[PDB]
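Q: Following this message is one structure expressed as structure tokens.
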Amino acid sequence: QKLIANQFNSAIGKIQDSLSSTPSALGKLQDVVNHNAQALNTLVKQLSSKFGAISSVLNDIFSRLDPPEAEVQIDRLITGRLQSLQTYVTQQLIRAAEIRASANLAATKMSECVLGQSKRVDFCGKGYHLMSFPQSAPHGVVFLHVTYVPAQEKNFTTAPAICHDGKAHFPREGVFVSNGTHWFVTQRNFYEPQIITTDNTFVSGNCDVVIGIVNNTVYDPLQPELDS
Amino acid sequence: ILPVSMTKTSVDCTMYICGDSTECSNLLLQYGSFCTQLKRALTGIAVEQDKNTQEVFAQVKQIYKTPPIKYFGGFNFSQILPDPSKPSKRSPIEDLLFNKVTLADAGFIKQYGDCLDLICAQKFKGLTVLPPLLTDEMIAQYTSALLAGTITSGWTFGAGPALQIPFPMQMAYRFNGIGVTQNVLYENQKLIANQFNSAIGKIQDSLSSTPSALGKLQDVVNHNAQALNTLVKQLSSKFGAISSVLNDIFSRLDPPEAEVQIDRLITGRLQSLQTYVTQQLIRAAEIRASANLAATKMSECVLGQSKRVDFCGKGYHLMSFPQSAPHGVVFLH
Amino acid sequence: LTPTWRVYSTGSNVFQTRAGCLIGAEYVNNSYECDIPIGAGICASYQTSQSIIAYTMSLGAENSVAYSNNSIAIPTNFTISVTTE
Ligand SMILES: *[C@@H]1O[C@H](CO)[C@@H](O[C@@H]2O[C@H](CO)[C@@H](O)[C@H](O)[C@H]2NC(C)=O)[C@H](O)[C@H]1NC(C)=O
Ligand SMILES: *[C@@H]1O[C@H](CO)[C@@H](O[C@@H]2O[C@H](CO)[C@@H](O)[C@H](O)[C@H]2NC(C)=O)[C@H](O)[C@H]1NC(C)=O
Ligand SMILES: *[C@@H]1O[C@H](CO)[C@@H](O[C@@H]2O[C@H](CO)[C@@H](O)[C@H](O)[C@H]2NC(C)=O)[C@H](O)[C@H]1NC(C)=O
Ligand SMILES: *[C@@H]1O[C@H](CO)[C@@H](O[C@@H]2O[C@H](CO)[C@@H](O)[C@H](O)[C@H]2NC(C)=O)[C@H](O)[C@H]1NC(C)=O
Ligand SMILES: *[C@@H]1O[C@H](CO)[C@@H](O)[C@H](O)[C@H]1NC(C)=O
Ligand SMILES: *[C@@H]1O[C@H](CO)[C@@H](O)[C@H](O)[C@H]1NC(C)=O
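Structure (structure tokens):
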């Protein structure tokens, strides 16, 4: 517990250092704002386009032209600007679509990582998911995923089954490992060797159908001491 | 089969609309910046395609290799692992898929020196193709590394350090993960290996046969080619003008009305470009969504074992195998 | 076109790629992490005096799993990791 708490505290402090660092990784939120500002700016700037007309000012084109052709000149400007608005609306819808897709993904991720524990690989963080934390961001959300990463592996000798009395023994929820001379039983995600007894294995079959079975002994925890 | 990326294209408005016409450049200049949005959108689309490919394929920080001995509990993966007896380190099934897909591609040619005739002739019309960031021998290397990791380490290499394990042992534990005891495998290993070998051979026969099921990848290529052909054919439209040639308009007409005649031509062609850009962005969005689904499938079926029903194949899922395809990916469930 | 663009002389060797002709960068056989993606697996970066170089991208670090017919690796430690999204 103490080591795990220390690791969690250090990881959180490193998260603060990562965010407080100059290389901001929050480019996804800035990209949307930059795109919207640039699109809006070009939409505003599109007003100065002549669209092939004589002038871009309504007052000047009205005073310096006769109505017979001033009508079509204004119609041309109107059509150009309407085309610009329709285009702008089109990209607005496409971006809203992408924003909705991202929001749906974020909602699913929050509901599946924060409100529970997820067995999906590479969904809630990288590694084995434990829990997630949401944080509020301008036009977004930030998740902090806590994962379990194994380390400091060791090599061992292993067998599929063990033959004791002409019978094959299989692990219940573990693996068979060996440090050499002796054989132990441990869980498959953390090294915790144990003596192979009848409570750690189950018997099924004989010793001539499994490839790689190893002769050994299985201790009976009832007969030798409680023989009264 | 899932599409992954599409072709990166770039269009020059000035040359496409008014090819070799200075007067046209001066007249187009009065419209402001009507081409920065299209160029920016196309660059974003290209970057999105490259990012999609990178997210889908670049998921391992190490390049694992298979041992020279190719005995894995009696199973045979010789038909999916790359072989060094070819310039392209590709599996036989990968070669079959590429041969099937190659009736049309981008041409493979991007030096432009050998063009003296569909792409380079359209090159004179401002339709170019940018090369993908990852070549097919790097996509192949990624797939081979993923396959090697899956066969040797199993699902351990996807969450930290690769951990070795015998192949029957991984199969027994994977069977135990779906509710079947490992003695079943330890007693029917030969039958299971025979069934797997026969199933793989039938996969080869299915792909090598005529009823090509790779329509999803072909549809994108066909759509892109047809869109480009329509855009290039649109240059012949009169758009209400007397003629479709700018040089002819300048020679045969005086400026006072030639101005509006070309303004009309500019408007028609600009409308065509905006429509094309909108179509490309929408297809980019659908392809990106498909890429996201493909990424989810790789991560959930290739990097581990999935309990979801009818997600990785039909039945009770055990494992999946990735193979690279032109602008796509192929899974074997 | 653009006559002012003489791009000096052949001081830096012209490198021909499938994407096109690149002028102003020197090719190197060393594989580094991508900085500016030129295309077709080639990236450019500013390094060591100091100049712009072009190279071939590296997929990743090489590895080889020590596979055997009786061998397993079991961790003896764990790490708690916190990542952002
Ligand atoms: C594997 O480790 C165990 C535990 O250390 C070894 O079992 C022996 O256990 C007895 C009981 O306390 C000790 O007196 C012996 O000293 C242990 N043996 C050794 C070599 O330390 C077992 O022998 C080990 N197997 C190896 C090293 O192959
Ligand atoms: C476990 O002990 C048995 C004892 O019989 C070993 O059986 C061998 O094969 C037959 C019997 O089936 C006999 O030749 C001998 O009894 C054994 N030795 C040889 C050389 O055959 C069995 O092989 C042992 N298991 C392991 C893994 O060593
Ligand atoms: C798996 O079984 C096949 C039986 O067909 C072995 O032979 C391969 O067959 C395929 C299909 O005809 C060929 O493409 C390969 O070239 C064959 N391999 C060899 C070495 O000739 C195959 O070798 C077996 N794979 C193993 C045992 O790993
Ligand atoms: C994993 O290994 C590290 C480093 O060897 C262990 O951390 C040490 O733990 C001991 C006792 O808890 C301390 O006295 C040391 O100061 C720690 N050193 C470092 C660098 O952290 C950690 O306990 C191990 N975790 C296991 C075995 O579960
Ligand atoms: C087992 O030994 C091999 C030797 O090549 C080594 O690569 C591997 O890391 C070892 N695994 C352990 C110590 O868990
Ligand atoms: C496992 O044993 C078989 C039996 O011949 C052998 O072909 C194969 O190379 C072995 N695999 C190892 C030692 O990794």
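Protein chains in written order, with UniProt numbering: chain V, 920 to 1147; chain E, 726 to 841, 848 to 1064; chain H, 629 to 676, 689 to 725.
Backbone N, C-alpha and C define an ideal beta-carbon position, used for all residues, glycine too.
By how many angstroms is the C-alpha of E/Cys851 removed from the C-alpha of E/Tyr837?
A: For the purposes of this step, residue 837 of chain E is identified with residue 112 of the second sequence, where counting begins at 1. For the purposes of this step, residue 851 of chain E is identified with residue 120 of the second sequence, where counting begins at 1. Cα-Cα distance, rounded: 7 Å.
Q: Excluding the five sequence neighbours on either side, which residues of its own chain have a C-beta within less than 7 Å of the C-beta of E/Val781, listed in chain order?
A: Here residue 781 of chain E refers to the residue found at position 56 of the second sequence. Once the five neighbours on either side are set aside, the close Cβ partners of E/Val781 are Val729, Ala1022, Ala1025, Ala1026, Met1029, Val1060.
Q: Pull up the distance between the alpha-carbon of H/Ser721 and that of V/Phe1052, whole angstroms please.
A: Indexing the third sequence from 1 puts residue 721 of chain H at position 81. Indexing the first sequence from 1 puts residue 1052 of chain V at position 133. Rounded to whole angstroms, H/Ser721 to V/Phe1052 spans 13 Å at the Cα level.
Q: Look at the alpha carbon of residue 910 of chain V and the alpha carbon of H/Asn658, and state the distance between them as a whole number of angstroms.
A: With chain V covering only 920 through 1147, there is no way to say anything about residue 910 of chain V.
Q: From E/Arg995, E/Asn801, E/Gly999, E/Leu894, pick the residue whose C-alpha is nearest to that of E/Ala924; which is it?
A: Position 193 of the second sequence, counted from the start, is the residue given in the question as residue 924 of chain E. Selected option, being the one with the closest Cα: E/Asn801.
Q: Return the chain-ordered list of same chain residues with a C-beta closer than 8 Å to the C-beta of V/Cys1032, the five sequence neighbours on each side being excluded.
A: Translated into positions along the first sequence, residue 1032 of chain V becomes position 113. Hits under 8 Å: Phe1042, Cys1043, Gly1044, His1048, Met1050, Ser1051, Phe1062, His1064.
Q: Bridge partners for H/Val656 per DSSP, in chain order?
A: For the purposes of this step, residue 656 of chain H is taken as the residue at position 28 of the third sequence. According to DSSP, which records beta bridges pairwise, H/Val656 is partnered with nothing at all.
Q: Judging by CA-CA distance, which residue of V/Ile1081, V/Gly1124, V/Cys1126, V/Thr1116 is the nearest neighbour of V/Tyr1138?
A: Here residue 1138 of chain V is taken as the residue at index 219 of the first sequence, counted from 1. The option with the nearest alpha carbon to V/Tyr1138 is V/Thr1116.
Q: Is E/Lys814 near ligand 3, with its Cβ less than 7 Å from a heavy atom?
A: Locating residue 814 of chain E in the second sequence gives position 89, where the first residue counts as 1. It does not: the Cβ of E/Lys814 is nowhere closer than 7 Å to a heavy atom of ligand 3.
Q: Which residue's Cα is closest to the Cα of V/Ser1123: E/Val915, E/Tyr1007, E/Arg1019?
A: Taking the first sequence and counting its residues from 1, the one referred to as residue 1123 of chain V is at position 204. V/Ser1123 has its Cα closest to that of E/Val915, out of E/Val915, E/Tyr1007, E/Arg1019.
Q: Taking only the alpha-carbon atoms, compute the straight-line gap between E/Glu918 and E/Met902 and give it to the nearest angstrom.
A: Residue mapping note: residue 918 of chain E aligns to position 187 of the second sequence, counting from 1. Residue mapping note: residue 902 of chain E aligns to position 171 of the second sequence, counting from 1. If I take the Cα positions, the gap works out to 13 Å.
Q: Are the segment 697–709 of chain H and the segment 1079–1091 of chain V touching by the rule of at least three beta carbon pairs closer than 8 Å?
A: Segments in contact, no.
Q: Which chain H residues sit within Cβ distance under 8 Å of E/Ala893?
A: Here residue 893 of chain E is taken as the residue at index 162 of the second sequence, counted from 1. Those are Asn703, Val705, listed as they occur along chain H.
Q: Taking E/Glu918 as the query, report the chain V residues whose CB atoms sit under 9 Å from its CB, ordered along the chain.
A: For the purposes of this step, residue 918 of chain E is taken as the residue at position 187 of the second sequence. Simply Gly1124, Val1128, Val1129.
Q: Mapping DSSP to helix, strand and coil, what is V/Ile1115?
A: Residue mapping note: residue 1115 of chain V aligns to position 196 of the first sequence, counting from 1. DSSP places V/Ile1115 in coil when its eight states are reduced to three.
Q: What residues match up with V/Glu1072 in a beta bridge as DSSP calls it?
A: By one-based count along the first sequence, residue 1072 of chain V stands at place 153. Answer is H/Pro715.
Q: So that I know if they touch, is there some Cβ in chain H lying closer than 8 Å to that of E/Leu865?
A: For the purposes of this step, residue 865 of chain E is taken as the residue at position 134 of the second sequence. Yes - at least one Cβ of chain H is within 8 Å of the one on E/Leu865.
Q: Let me confirm a value: V/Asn1134 is counted as buried when at least 16 other C-beta atoms fall within 10 Å, else exposed. Which label applies?
A: The residue labelled residue 1134 of chain V in the question sits at position 215 within the first sequence. When all chains shown are included, V/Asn1134 counts as exposed.
Q: Taking E/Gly857 as the reference, which of E/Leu962, E/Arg1019, E/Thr732, E/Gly1035 has the closest Cα?
A: Mapped onto the second sequence, residue 857 of chain E falls at position 126. The shortest C-alpha separation from E/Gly857 is found at E/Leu962.
Q: Buried or exposed, going by whether 16 or more other CB atoms sit within 10 Å of the CB of E/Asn751?
A: Taking the second sequence and counting its residues from 1, the one referred to as residue 751 of chain E is at position 26. Under this definition E/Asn751 is an exposed residue.
Q: Listing by chain order, which chain V residues have their CB less than 8 Å from the CB of E/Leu1012?
A: Along the second sequence, one-based indexing puts residue 1012 of chain E at 281. Those are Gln1010, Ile1013, listed as they occur along chain V.
Q: I want to check one thing, is the minimum distance from the CB of E/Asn925 to the heavy atoms of ligand 3 below 7 Å?
A: Here residue 925 of chain E is taken as the residue at index 194 of the second sequence, counted from 1. No, Cβ of E/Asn925 sits at least 7 Å from all heavy atoms of ligand 3.
Q: Cβ of E/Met900 less than 8 Å from any chain V Cβ?
A: Within the second sequence, residue 900 of chain E is the residue found at index 169, counting from 1. Interface residue, yes.
Q: What would DSSP say about E/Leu938, mapped onto helix, strand or coil?
A: As a position in the second sequence, residue 938 of chain E is number 207, starting the count at 1. Of the three classes helix, strand and coil, the one that applies to E/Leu938 here is helix, per DSSP.
Q: Determine the burial state of V/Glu1072: buried for a count of at least 16 other Cβ atoms within 10 Å of its Cβ, exposed for fewer.
A: Along the first sequence, one-based indexing puts residue 1072 of chain V at 153. Classification for V/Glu1072: buried.
Q: For the UniProt region "Heptad repeat 1" (920–970) of chain V, which residues have a beta carbon sitting closer than 8 Å to at least one beta carbon of chain H?
A: Listed by position, the residues of the UniProt region "Heptad repeat 1" (920–970) of chain V near chain H (Cβ gap below 8 Å) are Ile923, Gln926, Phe927, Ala930, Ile931, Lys933, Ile934, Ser937, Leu938, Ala944.
Q: Mapping the DSSP letters down to three states, classify V/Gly1059 as helix, strand or coil.
A: Within the first sequence, residue 1059 of chain V is the residue found at index 140, counting from 1. DSSP places V/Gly1059 in strand when its eight states are reduced to three.
Q: Determine, using beta carbons only, whether V/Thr1105 and H/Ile714 come nearer to each other than 8 Å.
A: Looking up residue 1105 of chain V in the first sequence gives position 186. Looking up residue 714 of chain H in the third sequence gives position 74. Yes.
Q: Please state whether the Cβ-Cβ distance between E/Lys733 and E/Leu849 is less than 8 Å.
A: As a working note, residue 733 of chain E is residue 8 in the second sequence. As a working note, residue 849 of chain E is residue 118 in the second sequence. Taking 8 Å as the Cβ cut-off, E/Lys733 and E/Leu849 do not qualify as a contacting pair.
Q: Can you list the residues near ligand 6, meaning Cβ strictly closer than 7 Å to any non-hydrogen atom, in the order they appear in the chain?
A: Working through the chain, the matches are E/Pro792, E/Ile794, E/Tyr796, H/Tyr707, H/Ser708, H/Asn709.
Q: Within 10 angstroms of its Cβ, does E/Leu877 collect 16 or more other Cβ (buried), or is it exposed?
A: As a working note, residue 877 of chain E is residue 146 in the second sequence. E/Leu877 should be labelled buried.
Q: Have a look at the DSSP bridge pairing and note the partners of E/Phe1052.
A: If you number the second sequence from 1, residue 1052 of chain E lands on position 321. According to DSSP, E/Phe1052 bridges with E/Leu1063.
Q: Taking Cβ-Cβ distances shorter than 8 Å, what residues in chain H pair up with E/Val785?
A: Within the second sequence, residue 785 of chain E is the residue found at index 60, counting from 1. Within chain H, the residues near E/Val785 are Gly700.
Q: Check the C-beta distance from V/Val1068 over to H/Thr719 and give it rounded, since I have them as a contact under 8 Å.
A: Mapped onto the first sequence, residue 1068 of chain V falls at position 149. Mapped onto the third sequence, residue 719 of chain H falls at position 79. Between H/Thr719 and V/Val1068 the Cβ distance is about 4 Å, and since that is below 8 Å, they are a contact.
Q: Could you work out which residues of chain H lie near E/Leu861, taking near to mean beta carbons separated by less than 8 Å?
A: Taking the first residue of the second sequence as 1, we reach residue 861 of chain E at position 130. The contacting residues are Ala647, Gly667.
Q: Starting from E/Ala956, trace the beta strand (DSSP E) both ways and give me its first and last residue.
A: Within the second sequence, numbered from 1, the residue matching residue 956 of chain E stands at position 225. No beta strand (DSSP E) contains E/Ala956, which is instead part of the alpha helix (DSSP H) from 946–964.
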